[PDB]
A.B. asks: 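Mind having a look at this structure? Questions to follow.
Every number for a ligand or one of its atoms is a count from 1 in the order of the listing. For this chain, numbers begin at 1 and follow the sequence in order. These values consider heavy atoms only, across backbone and side chains, with no hydrogens, waters or symmetry-generated copies.
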Amino acid sequence: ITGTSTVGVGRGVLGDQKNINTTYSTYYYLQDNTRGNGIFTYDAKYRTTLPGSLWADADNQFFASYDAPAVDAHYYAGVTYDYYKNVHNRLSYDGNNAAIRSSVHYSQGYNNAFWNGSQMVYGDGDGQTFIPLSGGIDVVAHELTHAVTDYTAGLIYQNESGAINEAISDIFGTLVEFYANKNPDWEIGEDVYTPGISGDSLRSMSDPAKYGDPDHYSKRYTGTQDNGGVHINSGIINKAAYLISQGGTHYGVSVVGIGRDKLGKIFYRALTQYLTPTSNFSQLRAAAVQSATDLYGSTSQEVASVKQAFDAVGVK
Ligand SMILES: [Ca+2]
Ligand SMILES: [Ca+2]
Ligand SMILES: [Ca+2]
Ligand SMILES: [Ca+2]
Ligand SMILES: [Zn+2]
């Protein structure tokens, strides 16, 4: 809508207070005009019809329990936009400042979040397995990254290309978490997963096997479930990414870590310049090596580390 840009205040899912960019026109709407063509957050009102209604508030204060998921979806979409713009010089997910839209309160007791090809959608969780999904910055960044992948490499969501698609979302979801410096870690979804259990997460990049996911190509899932195991086999790539950044010895292979910033530069270049819709793990290795070569030179430590990491997880 057309209005006056202003700033409101509210509390997120985890009870933290934060300022959010809103727009005033009779009501105060969750519409941020400071980023690209805007960030819009909608209320799905427990229904499955999308996008729902643009979030309207009477006083620009968002401290109601019902407001929490909206506050975080709106705020974290902004942080993710900032990350891509400031670190990778990318304007929104399409590179041309496309408006970012999110709907919260999707369905009832919905334990999922997703990108539907046009916008982000967040369930409220059942209160046992998950609390409102937008409360996790790595979750929000994971979803917006699916949009970035769709507009660039276009990795098909099946088998190995799908696992790469998933890993890319976990990798950048984690890098955004570090960017925001919000209790950063290499775990996925820890802030909104199982509120009754502390110390766990949905997936782990540092040790995928902790939750039963493969950490070596020899342990890859070859079944048909989960579109060929896209959320399972992503562990192989997530582990490789973790090793490239942090280093370590895995299955007898030692990797010298090169840091998170370089990891991000290497994978962003691979994603936007070399990967294609049908790329498999072997091609991802080639793309990553080429990207590191472009940026640091063929005889650099960076290239060596990328090769070592993929060797460690059995990807040739
Ligand atoms: Ca209010
Ligand atoms: Ca964290
Ligand atoms: Ca995390
Ligand atoms: Ca938990
Ligand atoms: Zn995903």
A.B. asks: Hey, can you tell me if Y157 and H231 have their rings parallel, tilted or perpendicular (30° and 60° cut-offs)?
C.D. replies: perpendicular

A.B. asks: So that I can tick it off, tell me whether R269 and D294 are bridged by a salt bridge, with the cut-off set at under 4.0 angstrom between side-chain N and carboxylate O.
C.D. replies: yes

A.B. asks: Below 3.0 Å, any N, O or S contact between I197 and the Ca ion (ligand 4)?
C.D. replies: yes

A.B. asks: Side-chain heavy atoms under 4.5 angstrom apart, residues restricted to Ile, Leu, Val, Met, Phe, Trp, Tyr: same cluster for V230 and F267?
C.D. replies: no

A.B. asks: So, is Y193 placed with an N/O/S atom under 3.0 Å from the Ca ion (ligand 4), counting both backbone and side chain?
C.D. replies: yes

A.B. asks: From the N, O or S atoms in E177, identify the one nearest to the Ca ion (ligand 3).
C.D. replies: OE1

A.B. asks: Which pair of heavy atoms, one from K45 and one from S53, lies closest together, and at what distance?
C.D. replies: NZ-OG, 2.9 Å

A.B. asks: Nearest to the Ca ion (ligand 2), which N, O or S atom of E190 do we find?
C.D. replies: OE2

A.B. asks: State whether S201 contributes an N/O/S atom found under 3.0 Å from the Ca ion (ligand 4).
C.D. replies: no

A.B. asks: Atom OG of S204 and atom OH of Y242: how far apart are they, to the nearest 0.5 Å?
C.D. replies: 8.5 Å

A.B. asks: Of all N, O or S atoms in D138, identify the one at the shortest distance from the Ca ion (ligand 3).
C.D. replies: OD2

A.B. asks: In terms of side-chain geometry, is the basic nitrogen of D32 or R35 positioned less than 4.0 Å from the acidic oxygen of its partner?
C.D. replies: yes

A.B. asks: So which N/O/S atom does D185 have closest to the Ca ion (ligand 3)?
C.D. replies: OD1

A.B. asks: Is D200 close enough that one of its N/O/S atoms sits under 3.0 Å from the Ca ion (ligand 4)?
C.D. replies: yes

A.B. asks: As a test of reading the structure, name the N/O/S atom of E187 that is nearest the Ca ion (ligand 3).
C.D. replies: O

A.B. asks: Are the charged groups of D72 and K18 less than 4.0 angstrom apart, N to O?
C.D. replies: yes

